[PDB]
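Enquirer: Before we start, here is the structure in question, set down as structure tokens.
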Amino acid sequence: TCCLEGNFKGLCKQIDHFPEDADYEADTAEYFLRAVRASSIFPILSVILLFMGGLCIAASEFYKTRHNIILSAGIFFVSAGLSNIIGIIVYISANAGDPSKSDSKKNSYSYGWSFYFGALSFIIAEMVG
Amino acid sequence: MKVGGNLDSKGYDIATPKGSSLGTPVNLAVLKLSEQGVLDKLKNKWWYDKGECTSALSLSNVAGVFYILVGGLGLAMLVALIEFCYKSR
Amino acid sequence: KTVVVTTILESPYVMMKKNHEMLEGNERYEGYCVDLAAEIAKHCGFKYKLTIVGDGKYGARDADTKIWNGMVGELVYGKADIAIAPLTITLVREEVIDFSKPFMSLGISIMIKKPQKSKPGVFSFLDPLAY
Amino acid sequence: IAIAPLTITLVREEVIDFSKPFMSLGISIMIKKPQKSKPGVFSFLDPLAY
């Protein structure tokens, strides 16, 4: 996260996903969710699946007689959309942990265009699928 | 955490022996610091500057149903591809 | 000579410096009253020496022998000329020594263990019914 | 003797004598008491977050 309209504006401080200041663990599910968010496994998996679907579509022209490639591309696109949905859900859920990313009544957090780019990416991928 | 307001009113004062030449100048100095805001700044420095620290349903309350839905979608897709592969073979 | 200033050790009023072992003089201590004693010194134009009370007590009259200890006991019998410390302004102490106008206003407050927000379980939608 | 809500200041101490404060105070904020606002047009989406 980078500072905006601040004294140290432009300082992109890395997001710490494991606040071990108080040395607390709570339940296993919270740690698992924190690890899943930290690796960003699901948005990355969505990107990988979209790339695989695109490469399958490109290779479909070379192999005209193999119709199963187009089906594989469609399956990859649908799985990419599903992974994007999972990533959005995990992102928002982990964001609810900290007060600055929650409590819209006072904080009034706003989602940026990068988040809406991923939301638009899911719709297009489902449409292409 | 501290909640509510003070139950009563007290204060900390500068203690000087009775009948001393430093009584009046210190009392004027204390008021001068409070008027200028030095006392408020000193309180802030040693308490906060050196410190070490809705109604609607959120997505966290219903995240499990979303996870179950997506897992079911994935399982159904896997079953469909397994059936298709078995039929093709 | 230098004004002797009795003081009681209490964070954050006065505490110990990180390198107080090698430090010597008034610089050995830091805290709210350390700067508070400094600001009055410049205004009144005098040099001060900060010292810690031997018994480490604020001061209370002993009804049996009528002896004052702590901040007030040092001042009445003349060990120190001024006390720079969080000394509460009370009726018993006022008739013995002189109190300036209060520099900090306080009172009785309530301390509670602050809650750690709330983390709903992933499968918390099954909560209304038992397993 | 002046028994009145007289603020203790530096310039007044230099001229007259004040006793210990019989009442402590400071600047606070006055706001209108919140009341039930008119519901928004799209207030039927309130129970669930956006």
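By convention here, the chains of the structure tokens are called A, B, ... in the order presented, each chain's residues are numbered starting at 1, and ligands are numbered starting at 1 in the order presented.
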Residues of chain C that approach chain D to 10 Å or less, counting only C-alpha atoms: could you list each one with the shortest pair of atoms and its distance in Å to one decimal, rows by chain and increasing residue number, as JSON lines?
Expert:
{"residue": "C:89", "atom": "CA", "partner": "D:20", "partner_atom": "CA", "distance": 9.0}
{"residue": "C:99", "atom": "CA", "partner": "D:20", "partner_atom": "CA", "distance": 8.8}
{"residue": "C:100", "atom": "CA", "partner": "D:20", "partner_atom": "CA", "distance": 8.4}
{"residue": "C:101", "atom": "CA", "partner": "D:20", "partner_atom": "CA", "distance": 6.5}
{"residue": "C:102", "atom": "CA", "partner": "D:20", "partner_atom": "CA", "distance": 8.0}
{"residue": "C:105", "atom": "CA", "partner": "D:24", "partner_atom": "CA", "distance": 7.5}
{"residue": "C:106", "atom": "CA", "partner": "D:24", "partner_atom": "CA", "distance": 9.5}
Enquirer: Which residues in stretch 29-104 of chain C does DSSP call strand (DSSP E or B)? List them as an mmCIF file with N, CA, C and O atoms, in the first residue's frame.
Expert:
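Dumped to result_27.cif:
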data_model
loop_
_atom_site.group_PDB
_atom_site.id
_atom_site.type_symbol
_atom_site.label_atom_id
_atom_site.label_comp_id
_atom_site.auth_asym_id
_atom_site.auth_seq_id
_atom_site.Cartn_x
_atom_site.Cartn_y
_atom_site.Cartn_z
ATOM 1 N N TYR C 29 17.454 11.134 33.926
ATOM 2 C CA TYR C 29 16.030 10.844 33.935
ATOM 3 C C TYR C 29 15.337 11.547 32.777
ATOM 4 O O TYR C 29 15.743 12.633 32.353
ATOM 5 N N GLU C 30 14.283 10.913 32.269
ATOM 6 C CA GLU C 30 13.430 11.520 31.260
ATOM 7 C C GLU C 30 11.981 11.236 31.627
ATOM 8 O O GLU C 30 11.680 10.250 32.305
ATOM 9 N N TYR C 48 18.609 23.795 38.519
ATOM 10 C CA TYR C 48 17.924 22.821 39.353
ATOM 11 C C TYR C 48 18.639 21.480 39.289
ATOM 12 O O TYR C 48 19.240 21.117 38.275
ATOM 13 N N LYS C 49 18.563 20.746 40.396
ATOM 14 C CA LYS C 49 19.094 19.393 40.488
ATOM 15 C C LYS C 49 17.943 18.461 40.829
ATOM 16 O O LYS C 49 17.226 18.690 41.809
ATOM 17 N N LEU C 50 17.766 17.415 40.025
ATOM 18 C CA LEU C 50 16.673 16.472 40.211
ATOM 19 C C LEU C 50 17.139 15.307 41.073
ATOM 20 O O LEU C 50 18.162 14.681 40.780
ATOM 21 N N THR C 51 16.388 15.020 42.134
ATOM 22 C CA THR C 51 16.723 13.934 43.043
ATOM 23 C C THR C 51 15.475 13.113 43.332
ATOM 24 O O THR C 51 14.349 13.612 43.273
ATOM 25 N N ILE C 52 15.691 11.840 43.651
ATOM 26 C CA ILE C 52 14.615 10.892 43.928
ATOM 27 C C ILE C 52 14.484 10.717 45.432
ATOM 28 O O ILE C 52 15.485 10.601 46.150
ATOM 29 N N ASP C 62 1.417 10.699 59.596
ATOM 30 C CA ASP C 62 1.347 9.569 60.513
ATOM 31 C C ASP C 62 0.774 10.078 61.831
ATOM 32 O O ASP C 62 1.430 10.841 62.546
ATOM 33 N N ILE C 67 4.491 12.884 61.675
ATOM 34 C CA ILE C 67 5.651 13.006 60.800
ATOM 35 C C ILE C 67 5.165 12.981 59.358
ATOM 36 O O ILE C 67 4.236 12.239 59.018
ATOM 37 N N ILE C 82 11.711 22.661 46.036
ATOM 38 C CA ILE C 82 10.531 22.541 45.187
ATOM 39 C C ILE C 82 10.357 21.071 44.833
ATOM 40 O O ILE C 82 11.336 20.339 44.670
ATOM 41 N N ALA C 83 9.103 20.640 44.735
ATOM 42 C CA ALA C 83 8.769 19.273 44.356
ATOM 43 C C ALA C 83 8.126 19.288 42.978
ATOM 44 O O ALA C 83 7.084 19.923 42.781
ATOM 45 N N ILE C 84 8.745 18.588 42.031
ATOM 46 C CA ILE C 84 8.223 18.495 40.674
ATOM 47 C C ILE C 84 7.796 17.045 40.490
ATOM 48 O O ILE C 84 8.629 16.168 40.239
ATOM 49 N N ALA C 85 6.508 16.772 40.655
ATOM 50 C CA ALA C 85 6.017 15.402 40.706
ATOM 51 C C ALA C 85 4.497 15.429 40.599
ATOM 52 O O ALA C 85 3.875 16.460 40.870
ATOM 53 N N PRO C 86 3.882 14.310 40.205
ATOM 54 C CA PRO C 86 2.415 14.236 40.219
ATOM 55 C C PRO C 86 1.861 14.150 41.631
ATOM 56 O O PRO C 86 1.337 13.110 42.040
ATOM 57 N N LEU C 87 1.974 15.240 42.383
ATOM 58 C CA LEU C 87 1.492 15.292 43.757
ATOM 59 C C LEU C 87 0.070 15.836 43.768
ATOM 60 O O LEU C 87 -0.171 16.965 43.330
ATOM 61 N N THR C 88 -0.864 15.036 44.271
ATOM 62 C CA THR C 88 -2.260 15.445 44.300
ATOM 63 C C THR C 88 -2.454 16.616 45.255
ATOM 64 O O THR C 88 -1.857 16.666 46.334
ATOM 65 N N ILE C 97 2.267 22.723 52.948
ATOM 66 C CA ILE C 97 3.110 23.309 51.910
ATOM 67 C C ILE C 97 2.255 24.166 50.987
ATOM 68 O O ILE C 97 1.042 24.287 51.179
ATOM 69 N N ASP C 98 2.883 24.764 49.980
ATOM 70 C CA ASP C 98 2.189 25.601 49.012
ATOM 71 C C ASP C 98 2.021 24.840 47.706
ATOM 72 O O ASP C 98 2.985 24.269 47.186
ATOM 73 N N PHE C 99 0.800 24.835 47.180
ATOM 74 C CA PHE C 99 0.487 24.202 45.908
ATOM 75 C C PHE C 99 0.216 25.274 44.864
ATOM 76 O O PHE C 99 -0.538 26.218 45.121
ATOM 77 N N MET C 104 -2.199 19.440 35.616
ATOM 78 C CA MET C 104 -2.866 18.296 35.011
ATOM 79 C C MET C 104 -4.144 18.011 35.780
ATOM 80 O O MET C 104 -4.113 17.878 37.006
#
Enquirer: Measure the distance from atom CA of residue A:4 to atom CA of residue A:100 in Å and round it to one decimal.
Expert: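 One can read the atom CA of residue A:4 to atom CA of residue A:100 distance as 14.8 Å.
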Enquirer: Can you check which parts of chain C lie within 10 Å of chain A? Per residue, the shortest pair of atoms and distance in Å to one decimal, counting only C-alpha atoms, sorted by chain and number, as CSV.
Expert:
residue,atom,partner,partner_atom,distance
C:117,CA,A:97,CA,8.6
C:118,CA,A:97,CA,8.3
C:119,CA,A:97,CA,7.1
C:120,CA,A:30,CA,9.8
C:121,CA,A:29,CA,8.0
C:122,CA,A:29,CA,7.8
Enquirer: I need the chosen residues saved as an mmCIF file, in the first residue's frame, with N, CA and C atoms.
Expert:
data_model
loop_
_atom_site.group_PDB
_atom_site.id
_atom_site.type_symbol
_atom_site.label_atom_id
_atom_site.label_comp_id
_atom_site.auth_asym_id
_atom_site.auth_seq_id
_atom_site.Cartn_x
_atom_site.Cartn_y
_atom_site.Cartn_z
ATOM 1 N N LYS C 117 -12.612 -7.046 18.822
ATOM 2 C CA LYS C 117 -13.552 -7.028 17.706
ATOM 3 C C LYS C 117 -14.360 -8.318 17.653
ATOM 4 N N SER C 118 -14.555 -8.852 16.452
ATOM 5 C CA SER C 118 -15.259 -10.114 16.281
ATOM 6 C C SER C 118 -14.890 -10.696 14.926
ATOM 7 N N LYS C 119 -14.626 -12.002 14.913
ATOM 8 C CA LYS C 119 -14.299 -12.737 13.695
ATOM 9 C C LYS C 119 -15.344 -13.830 13.516
ATOM 10 N N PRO C 120 -16.400 -13.573 12.747
ATOM 11 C CA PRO C 120 -17.406 -14.612 12.505
ATOM 12 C C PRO C 120 -16.786 -15.827 11.836
ATOM 13 N N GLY C 121 -17.240 -17.009 12.242
ATOM 14 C CA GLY C 121 -16.727 -18.225 11.638
ATOM 15 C C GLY C 121 -17.132 -18.318 10.179
ATOM 16 N N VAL C 122 -16.370 -19.096 9.416
ATOM 17 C CA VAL C 122 -16.648 -19.272 7.996
ATOM 18 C C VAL C 122 -18.033 -19.880 7.844
#
Enquirer: When you get a sec, could you note down which chain D residues fall within 6 Å of chain B, using only C-alpha atoms, as a ChimeraX atom specification?
Expert: /D:10,47-49
Enquirer: Filtering to C-alpha atoms, could you give me those residues as a PDB file, in the first residue's frame?
Expert:
ATOM      1  CA  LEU D  10      -1.910  34.351  33.597  1.00  0.00           C
ATOM      2  CA  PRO D  47     -29.817  -5.175   5.377  1.00  0.00           C
ATOM      3  CA  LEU D  48     -27.044  -6.628   3.189  1.00  0.00           C
ATOM      4  CA  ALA D  49     -23.696  -4.980   2.532  1.00  0.00           C
TER       5      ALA D  49
END
Enquirer: Looking only at the backbone, which of the residues in chain B does DSSP tag as alpha helix (DSSP H), as a PyMOL selection string?
Expert: chain B and resi 23-36+38-44+63-88
Enquirer: Counting only C-alpha atoms, what is within 9 Å of stretch 117-129 of chain A, bar same-chain residues fewer than 2 positions away, as a ChimeraX atom specification?
Expert: /A:43,50,73-78,80-82,84-85,88,112-115
Enquirer: Pick out the chain B residues within 12 Å of chain A. Count only C-alpha atoms. Give them as a count of residues only.
Expert: 32
Enquirer: So, with only C-alpha atoms as the atoms that count, which of A:61, A:15, A:111, A:36 lies closest to chain D?
Expert: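 The answer is A:111, which sits nearest to chain D.
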Enquirer: Quick check, in Å to one decimal: how far apart do atom CA of residue D:7 and atom CA of residue B:48 lie?
Expert: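 About the pair atom CA of residue D:7 and atom CA of residue B:48: they are 28.0 Å apart.
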Enquirer: Could you work out how far atom CA of residue D:23 lies from atom CA of residue B:7, giving the answer in Å with one decimal?
Expert: 13.1 Å
Enquirer: Name all residues at most 12 Å from residue C:18 (count only C-alpha atoms; drop same-chain ones fewer than 3 positions away) and give them as a PyMOL selection string.
Expert: chain C and resi 15+21-23+27-30
